[PDB]
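Read through the structure below, which is laid out as C-alpha cells, and then see the notes.
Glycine also receives a Cβ, built like all others from the backbone with ideal geometry; neighbour counts cover every protein chain displayed. Read the figures in this text as sums done on the coordinates, not as results from a lab.
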Amino acid sequence: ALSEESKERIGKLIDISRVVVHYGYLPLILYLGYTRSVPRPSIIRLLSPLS
Amino acid sequence: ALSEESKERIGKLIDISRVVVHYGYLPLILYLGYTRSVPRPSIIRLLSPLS
Amino acid sequence: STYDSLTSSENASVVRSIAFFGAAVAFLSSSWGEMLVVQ
Amino acid sequence: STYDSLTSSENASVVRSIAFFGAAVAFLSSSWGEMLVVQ
Amino acid sequence: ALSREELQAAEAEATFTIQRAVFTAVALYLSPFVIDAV
Amino acid sequence: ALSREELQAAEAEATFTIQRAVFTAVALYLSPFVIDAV
Amino acid sequence: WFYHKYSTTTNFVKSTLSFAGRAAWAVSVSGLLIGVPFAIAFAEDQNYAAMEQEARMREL
Amino acid sequence: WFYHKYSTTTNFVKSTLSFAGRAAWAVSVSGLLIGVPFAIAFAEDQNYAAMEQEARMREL
Amino acid sequence: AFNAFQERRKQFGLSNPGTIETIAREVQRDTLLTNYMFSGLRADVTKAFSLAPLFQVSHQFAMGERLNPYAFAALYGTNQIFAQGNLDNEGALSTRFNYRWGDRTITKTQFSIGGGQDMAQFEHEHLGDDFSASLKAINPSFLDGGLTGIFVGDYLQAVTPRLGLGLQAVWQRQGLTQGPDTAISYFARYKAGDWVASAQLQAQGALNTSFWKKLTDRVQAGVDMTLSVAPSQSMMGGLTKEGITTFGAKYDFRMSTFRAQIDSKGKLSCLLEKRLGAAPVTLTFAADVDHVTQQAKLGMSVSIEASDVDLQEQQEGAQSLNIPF
Amino acid sequence: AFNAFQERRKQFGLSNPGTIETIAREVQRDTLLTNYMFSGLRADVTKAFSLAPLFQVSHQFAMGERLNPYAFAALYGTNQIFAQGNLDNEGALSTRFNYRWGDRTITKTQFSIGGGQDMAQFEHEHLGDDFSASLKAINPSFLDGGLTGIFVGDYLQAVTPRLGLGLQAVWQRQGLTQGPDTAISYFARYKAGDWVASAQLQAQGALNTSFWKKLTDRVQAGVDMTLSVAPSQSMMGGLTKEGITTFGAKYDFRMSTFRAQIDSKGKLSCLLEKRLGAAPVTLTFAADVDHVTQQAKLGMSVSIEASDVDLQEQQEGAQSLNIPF
Ligand SMILES: CCCCCCCCCCCC(=O)OC[C@H](COP(=O)(O)OCC[N+](C)(C)C)OC(=O)CCCCCCCCCCC
Ligand SMILES: C[C@@H]1CC[C@@]2(OC1)O[C@H]1C[C@H]3[C@@H]4CC=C5C[C@@H](OCCC(CO)CO)CC[C@]5(C)[C@H]4CC[C@]3(C)[C@H]1[C@@H]2C
Ligand SMILES: C[C@@H]1CC[C@@]2(OC1)O[C@H]1C[C@H]3[C@@H]4CC=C5C[C@@H](OCCC(CO)CO)CC[C@]5(C)[C@H]4CC[C@]3(C)[C@H]1[C@@H]2C
Ligand SMILES: C[C@@H]1CC[C@@]2(OC1)O[C@H]1C[C@H]3[C@@H]4CC=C5C[C@@H](OCCC(CO)CO)CC[C@]5(C)[C@H]4CC[C@]3(C)[C@H]1[C@@H]2C
Ligand SMILES: C[C@@H]1CC[C@@]2(OC1)O[C@H]1C[C@H]3[C@@H]4CC=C5C[C@@H](OCCC(CO)CO)CC[C@]5(C)[C@H]4CC[C@]3(C)[C@H]1[C@@H]2C
Ligand SMILES: C[C@@H]1CC[C@@]2(OC1)O[C@H]1C[C@H]3[C@@H]4CC=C5C[C@@H](OCCC(CO)CO)CC[C@]5(C)[C@H]4CC[C@]3(C)[C@H]1[C@@H]2C
Ligand SMILES: C[C@@H]1CC[C@@]2(OC1)O[C@H]1C[C@H]3[C@@H]4CC=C5C[C@@H](OCCC(CO)CO)CC[C@]5(C)[C@H]4CC[C@]3(C)[C@H]1[C@@H]2C
Ligand SMILES: C[C@@H]1CC[C@@]2(OC1)O[C@H]1C[C@H]3[C@@H]4CC=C5C[C@@H](OCCC(CO)CO)CC[C@]5(C)[C@H]4CC[C@]3(C)[C@H]1[C@@H]2C
Ligand SMILES: C[C@@H]1CC[C@@]2(OC1)O[C@H]1C[C@H]3[C@@H]4CC=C5C[C@@H](OCCC(CO)CO)CC[C@]5(C)[C@H]4CC[C@]3(C)[C@H]1[C@@H]2C
C-alpha cells in the first residue's frame, strides 16, 4: 500500500541519497584506500600520480 | 596588333596545347625514364613499386 | 523462380552476410586456416 | 592616458603577439636558451 | 492509455511468459538427468 | 568599369612604381660601394 | 547509329576502368593498414625470439 | 543581503576553480603531447649513442 | 533429499558454462575490435598504491571526436568488496560496487548520476557448479503504486560437458499507465578442444551467431554474424531485413598485441598495442577505414602505470585475493 | 668598363643571400611545422630507378579529412632538365619543368591543369655571385588586346657579408576593363655566426618577422611573428588589427627527427619522424591540439622507398649531378 503523505517523503529521501553518493562517493573510496592500503602513502602522492 | 581572326585561332591553339600536356605529359616522363635510365628496368616494375 | 527473389534489394544484406559467415567458418575450420599462423 | 587604449579589443591580439615574440627572442638569445639542449 | 480490462489481459500474459520462462528453466536444470538416461 | 582618363592615370602610377622599384633596385646594387667608402 | 555504339563502349570502359581503379586503391591501402603495423610488430617478435635463443646459446 | 554576498563568493570560487581545472588539464596534455613522443625518440638516441661508444670500447 | 540429486550430478563431468552476458566473450571481447576502437588522442595515467587491499587511482584525458575531455577514476578492492567510480568532466559520476556473499555469489551494483540520465542497476549473480543464474533490476521502483522498472533474469545450463543452453527472460513496465512488456531470448554455446560456437535467438527475431578458433597459443580468429528484422519499414506491410558479419584475428607477441577485423559492409579496422621495453608505458594505435566511402578514423593512446608496491611483498596476496570484479 | 666593377666587388667578402622566397627558410621551412602538418592516414610508396639521370616514381594514398585519396607522381631529372608531374585522383595534373641555362640561371615553370582552376607560372631565376633576381609571370596573356596577368619581380642584394636587403615588386591586371594594380614589399635578412633574423614589410602593411638560432648541431629553435591590418571591418571607418606568433624547435637524432611548436592562439603542435632501422620505411606522427577549444587533429604517415639502384654504381655521378630543382 502507498499514500500521498508517504510517497512525498520517500521520494525526497532517495533524492537526498542520490545527491549524497553523487558527491561523497569517491571521497569515501579515497578514504578507504589511503587509510588501509598496505603502505600508507604520503598524502601528497595520493592525487598526484606519476609525480 | 591583334585581330578577331587571329584571336580565335591562337585561342584554340592554347586550348589544344593545354589538353596535349594534360594527357601526354606523364607518359613523356615515363618514356624518358624508361629509355635512358642507367639500367633499363623490366617494364613490369615501372608502375609496380614495392613488388 | 525464387532465385530471382533471392537477390531482392531488401534481402541483399542478409544473404550477403550469411555467405560471408559461411565462408569464414569453413576457412577457419579447414586446413586453410593454418595460413593465418606465422612463425 | 594611452595605457587604457593599449588593451583595447582590437589591439589585444597585436600587443599580445608582440610580447610573446619579444620574450622568445630574448629567451633563445640568452644563456637560458641552453635549457632546450639535452645531451 | 489503456482500458482496465486490457491492462489485466496484458498482465495476464506477462506473468504467463515469465511463468513459461521458469518452467523452461527447471526443464534445463533437470535436462542432464534425462540425457544420461538416454 | 572605369573612364578612359582614369585608366591612363592608373597606368601612369603603375609604371611609376615599377620605375621606382628598378631605381631602388639599382641603388642596392650600387650600395656596397658606398659602404666601403664609409 | 555510330554514336550510340561509340557511347556504350566509352561508358563501359569508363565504368570498369573506374571500378578497377577503386578496387586497386582499396587493396593497396588495406594492405598498408594491416601490412605496416603487423610487420612492425612481427619484426620485433622475431628479434626478441632470436635474442633469447641467442642468450640460451651463450649460457650453454 | 546575505544571499547576495553568498552568490558572489560561490561564483568566484566556481570561476577560479573552473579556471584552475582548465589550466591543469591544458598543462597535463601539453606535457603528454611533447613528453611522450620526445622521450620515445630521445630514449632511442641515447641507446644508439651508448651502443656505438660500447662498440668502440670492444674494438679498442 | 536434495543431497541425492547432488550425488547424481557429480557423476557427470559438467562444469560451469559461464554467464549469458559472456556467452560470446571469446569472439566479441577478446578478438574483435568493437569494444576497443576509438578516435582522436587519448591518455590514461594510473598509479597503484597496493594490491591487498587493491587500491588504484587513474586519470583519463581525451580529445578529438572523443569529446569527453577528462575523467578521474578511483578503485578499491578486496576479498569481500570492490568499489570503483569515475567522475567525468561535466561532473557525471559513474560508479560500481560489488559485494561478495560467498565463494560463488556476488551482488553487483552500478549507478550513473548526473549528466544525461540518472540510472541505477542491481544484479545478484550466482555461478553454480554447473549453471549460472542472474536476476537484474534497472531503475527499480514501487513508488508508482506498483512494481515498475526493468527486470532481467538470466540462466545458463550445462547439459553435456561441451554444450550449454540457457535463456534470458525480461519483464518491464514504464509506469502503471500501460501494460507490461515481456520477452524471452534463447542462447546456446558449444565448446570443443580448439573452437567455440554460440548462438543467441533474441526477442526481436534478431539472431546473433559467433565462432572462435584458437589456431595456436599466440594466434586466434573468430567471426560473428548478426541478422535483424524490423516492422514494415516499407509503410505497406511486410518486414525489412538486414545483417552484418565481421571477421577478426588477434596476434599475441612477446611485447605487443595486434588485432584486425573486416565487416561485411567493407569496413576494415586495425588495432596495435605495443609495450615500450621495461617501462610501463603502452602505446595503442587504432585505425579504421571504410572502403565504401574511403573515409578513415584514426586514434592513438598512451597508457602509463606508476606504482609504489614492492611486487613480491604483496604479489603473494594478490594471487590469492579474489576481488569480486 | 663592366670589368672595373667586378674587380672592385671581389675586394669585399659578399656572398649570395639566397632568394626572397627563401629569406626565412630556416624558421618557416626547417623548424616550424606549418608546412608538414596533416590529418588522417597517409602513405607514400616510392621507387627509384636511377640517379644519373635521376628517375623516380611514387604513389601517394591519403584518407580522413585529407580527402584527396590518391596521387601518382613521376620525376625525371638530370644536369640540364628536371621534369615532374602529379596526377591526383580527380584527374587534375600538377607539373613542373625547370631548364638550366647555365651554372647560375634556370627557368622554372609550373602548370596546373584540370581541377578547380587552370594555372601557368613561369619564372627566370638568376642566382648571381652577390645577389638574387627573379622575374615571375602567372597566367600571362596578351590575347586580351594588351598585357594581362600577374607579374612579380624579386631582388635580394648583399650589402655587407652579414646583412642582405631586397624588395619584391608586383604588377597585375585582371583584364583591360580596369586599371593595373601594383605593390612593393621590402625585405631584410641578417645572419650572424649562430642566428638569423629577417623581416618582410608586405604590400598590405602586414609585417612578418622571424628569428632562428642553432643551439647545437642537433638542436634548432626559431620564432616568427605576423602582423596585419585590414580596412574598416567596423563598418564605421578605422582599421582592424591582428597578429600571431609561433615558437618552435627541431631536434635531430641519429634515427629520428622531432619538431614542436606553439602559437600565440594557444595551438600546440608536434611532429615526430622515425626511421625503422635498416629498412627504408619512415613513420611520421603528427598531432595538433588547440587549447582554447580542446579539439585535436591527428595524423599518421608511412613513407616507403624501394630502389633498384646500386648506390655506389651511380652515386659517384649523383654527388656532382646538379639537378635544377
Ligand atoms: C592527450 C595526450 C595524448 C598523447 C598521445 C601520445 C602518442 C604518442 C605516439 C608515438 C608514436 C611513435 O612514435 O611510435 C611509433 C611506433 C613504433 O615506435 P617504437 O616503439 O619506438 O619502434 C620500435 C622501437 N625499438 C626499436 C626500440 C624497439 O609505431 C607504431 O605505434 C605503429 C605505427 C603504425 C603506422 C601505420 C600507418 C598506416 C598507413 C595507412 C595508409 C592508408
Ligand atoms: C581486404 C579487402 C578485400 C576485399 C576488398 O578490398 C580489401 O576489395 C575491394 C573491392 C571494393 C569495391 C570495388 C568497387 C566499388 C565500386 C564503387 O561502389 C560504390 C559506388 C560509389 C560511386 O561510384 C560510391 O561512392 C565504390 C565502392 C566499391 C563497391 C568497392 C567497395 C570496397 C571493396 C569491396 C573492397 C574490399 C574491402
Ligand atoms: C587481398 C587483401 C589485401 C590485404 C591483404 O590481404 C587481403 O594483403 C596481404 C598482404 C600481407 C603482407 C604480405 C607480406 C608481409 C611481409 C612480412 O614480413 C616478414 C617477412 C619474413 C621475415 O622473416 C617472414 O615472413 C610480414 C607480413 C606481411 C606484412 C603481410 C601482412 C598481411 C598482409 C598485409 C595481407 C592483407 C590482409
Ligand atoms: C601489399 C603491401 C606490399 C608492401 C608491404 O606490405 C603490404 O610489404 C611489407 C614489407 C614491410 C617491411 C618489412 C620489414 C620491416 C623491418 C622492421 O625493422 C625493424 C626491426 C629491426 C629489428 O632488428 C630490423 O629492421 C620494421 C618494419 C619493416 C620496415 C616493414 C614495414 C612495412 C612493409 C614495408 C610492408 C609493406 C606495406
Ligand atoms: C605549454 C602551455 C603553457 C601555457 C598554457 O598551457 C600549455 O597554459 C594554459 C592556460 C590555458 C587557459 C586557462 C583557462 C582558460 C579559460 C577558458 O577561456 C575560454 C572560455 C571558454 C568557455 O568558458 C571557451 O570554451 C578556456 C580557455 C582558457 C583561456 C585557457 C586557454 C589555453 C591556456 C592559455 C593554456 C596555455 C596553452
Ligand atoms: C609547463 C608547460 C607544460 C608542458 C611542458 O613545459 C611547458 O612541460 C615540460 C615537461 C617536459 C618533460 C619532462 C620530462 C621529460 C623526461 C626526459 O627523459 C630523459 C630523462 C634523462 C635520461 O637520462 C635525461 O634528461 C625527456 C624529456 C621530458 C619528456 C620532457 C619533455 C618536455 C616537457 C614535456 C615540457 C613541456 C614543454
Ligand atoms: C609531465 C609528464 C610527466 C610524466 C612523463 O612526461 C610528462 O615523464 C616521461 C617519462 C617517459 C618515459 C621515459 C623513458 C622511456 C623509456 C623508453 O624505452 C625504450 C628505450 C629502451 C632502450 O633500451 C629503454 O626503455 C620508452 C619511452 C619511455 C617509457 C618514456 C615514455 C613517456 C614517459 C612516461 C613520459 C611521461 C608522459
Ligand atoms: C572473400 C572475401 C571476404 C568477403 C569480402 O571480401 C572478400 O567480399 C567483398 C564483397 C564486398 C561488398 C560488395 C558490394 C558492395 C556494394 C556496395 O554498394 C552498395 C550500394 C551503396 C551503399 O549502400 C553504394 O553505392 C557497398 C559495399 C559492398 C556491400 C561490399 C562490402 C565489402 C564486401 C562484403 C567484401 C568482403 C570483405
Ligand atoms: C610565456 C609562455 C609563452 C606564451 C604563452 O604561454 C606561456 O602565454 C600564454 C597566454 C595565452 C593566451 C591567454 C589568453 C587567451 C584568451 C583566450 O580567450 C580569447 C577570447 C575568446 C576566444 O577568442 C574566449 O573567451 C584565448 C586564448 C588566449 C589568447 C591564450 C592563448 C595561448 C597563450 C598565448 C599562451 C602562450 C602559449
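Take J:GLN84 and decide whether it is away from chain I (no Cβ under 14 Å) and either part of a loop (DSSP other than H, G, I, E, B) or within 28 Å of B:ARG40 (Cα to Cα) (or both). Against the criterion (away from chain I (no Cβ under 14 Å) and either part of a loop (DSSP other than H, G, I, E, B) or within 28 Å of B:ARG40 (Cα to Cα) (or both)), J:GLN84 qualifies.
Of everything in the stretch I:94-107 that is in contact (Cβ under 8 Å) with a residue 24 or more places away in the chain and not aromatic (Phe, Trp, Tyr), the residue that is nearest to the other protein chains (Cβ to nearest Cβ) is I:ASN98. Of the strands (runs of 3 or more DSSP E) that lie entirely inside the stretch J:141-236, those containing 1 or more residues that are more than 30 Å from D:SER31 (Cα to Cα) and among the basic types (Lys, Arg) span J:163-173. Can you tell me which residue within the stretch J:266-298, out of those that are without any contact (Cβ under 8 Å) to a residue 12 or more places away in the chain and at the interface with another protein chain (Cβ under 9 Å from one of its Cβ atoms), is farthest from J:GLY248 (Cα to Cα)? Of everything passing the filter in the stretch J:266-298, J:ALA279 is farthest from J:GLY248 (Cα to Cα). Anything in the stretch A:1-39 that is in contact with a strand residue (DSSP E or B) (Cβ under 9 Å, 6 or more places away or on another chain) and basic (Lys, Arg)? List them, or say none. Of everything in the stretch A:1-39, those that are in contact with a strand residue (DSSP E or B) (Cβ under 9 Å, 6 or more places away or on another chain) and basic (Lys, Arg) turn out to be A:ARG18, A:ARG36. As for the stretch J:283-293, it holds no residue that is more than 16 Å from ligand 3 (Cβ to nearest atom) and in contact with a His (Cβ under 8 Å, 6 or more places away or on another chain).
Is it the case that J:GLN174 is of a type in the set (S, T, N, Q) and surrounded by fewer than 14 Cβ atoms within 10 Å (Cβ to Cβ)? It is true that J:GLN174 is of a type in the set (S, T, N, Q) and surrounded by fewer than 14 Cβ atoms within 10 Å (Cβ to Cβ).
Restricting the stretch F:1-32 to residues that are more than 7 Å from chain J (Cβ to nearest Cβ) and under 30 Å from J:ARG8 (Cα atoms), which is nearest to the chain's Cα centre (by Cα)? This residue is F:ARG20.
Among the residues of the stretch I:215-265, those that are touching a residue at least 40 places away in the same chain (Cβ under 8 Å), farther than 21 Å from C:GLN39 by Cβ and more than 7 Å from chain C (Cβ to nearest Cβ) comprise I:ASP224, I:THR246, I:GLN261.
Exactly one residue among J:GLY164, J:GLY91, J:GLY146, J:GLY114 is in contact with a helix residue (DSSP H, G or I) (Cβ under 7 Å, 6 or more places away or on another chain), in contact (Cβ under 8 Å) with a residue 12 or more places away in the chain and not β-branched (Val, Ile, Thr), and that residue is J:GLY114. Residues being hydroxyl-bearing (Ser, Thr, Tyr), in a strand (DSSP E or B), more than 16 Å from ligand 8 (Cβ to nearest atom) and under 26 Å from the mean Cα position of the chain (by Cα) are entirely absent from the stretch I:258-281. For the stretch I:179-202, filtering for residues that are in contact with a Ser or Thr (Cβ under 6 Å, 6 or more places away or on another chain) and touching a residue at least 60 places away in the same chain (Cβ under 8 Å) leaves 2. State yes or no: is J:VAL309 aliphatic (A, V, I, L, M), more than 26 Å from J:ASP252 (Cβ to Cβ) and over 28 Å from the mean Cα position of the chain (by Cα)? Spelling it out, it is not the case that J:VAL309 is aliphatic (A, V, I, L, M), more than 26 Å from J:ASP252 (Cβ to Cβ) and over 28 Å from the mean Cα position of the chain (by Cα). Can you find even one residue in the stretch J:172-185 that is out of contact with any strand residue (DSSP E or B) (no Cβ under 7 Å at 6 or more places or on another chain) and either closer than 30 Å to J:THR31 by Cβ or hydroxyl-bearing (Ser, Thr, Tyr) (or both)? Yes, the conditions are met somewhere in the stretch J:172-185. Residue check: is I:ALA133 surrounded by 15 or more Cβ atoms within 10 Å (Cβ to Cβ), more than 14 Å from chain J (Cβ to nearest Cβ) and touching a helix residue (DSSP H, G or I) at 6+ places or on another chain (Cβ under 7 Å)? So I:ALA133 does not fit the description; no.
Applying a threshold of 9 Å to beta carbon distances and a minimum spacing of six or more residues, or different chains, the list of pairs starting in the stretch H:25-49 at a residue that is at the interface with chain J (Cβ under 7 Å from one of its Cβ atoms) and within 7 Å of ligand 7 (Cβ to nearest atom) and ending at one that is in a helix (DSSP H, G or I) and of a type outside the set (D, E, K, R) is empty.
For the stretch G:44-56, the condition holds for at least one residue, the condition being that it is more than 15 Å from the chain's Cα centre (by Cα) and within 30 Å of I:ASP290 (Cα to Cα). Restricting attention to the stretch J:249-256, does a residue exist that is part of a strand (DSSP E or B), more than 20 Å from the chain's Cα centre (by Cα) and either within 15 Å of ligand 6 (Cβ to nearest atom) or crowded, with 19+ Cβ neighbours inside 10 Å (or both)? Scanning the stretch J:249-256, I find at least one residue that is part of a strand (DSSP E or B), more than 20 Å from the chain's Cα centre (by Cα) and either within 15 Å of ligand 6 (Cβ to nearest atom) or crowded, with 19+ Cβ neighbours inside 10 Å (or both), so the answer is yes.
Within the bounds of the stretch J:63-70, is there any residue that is within 7 Å of another protein chain (Cβ to nearest Cβ), touching a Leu at 6+ places or on another chain (Cβ under 8 Å) and more than 15 Å from G:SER28 (Cβ to Cβ)? Yes: one or more hits.
Among the listed residues B:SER37, B:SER48, identify the single one that is within 7 Å of chain J (Cβ to nearest Cβ), surrounded by 10 or more Cβ atoms within 10 Å (Cβ to Cβ) and of a type in the set (S, T, N, Q). So the residue among B:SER37, B:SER48 that is within 7 Å of chain J (Cβ to nearest Cβ), surrounded by 10 or more Cβ atoms within 10 Å (Cβ to Cβ) and of a type in the set (S, T, N, Q) is B:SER37.
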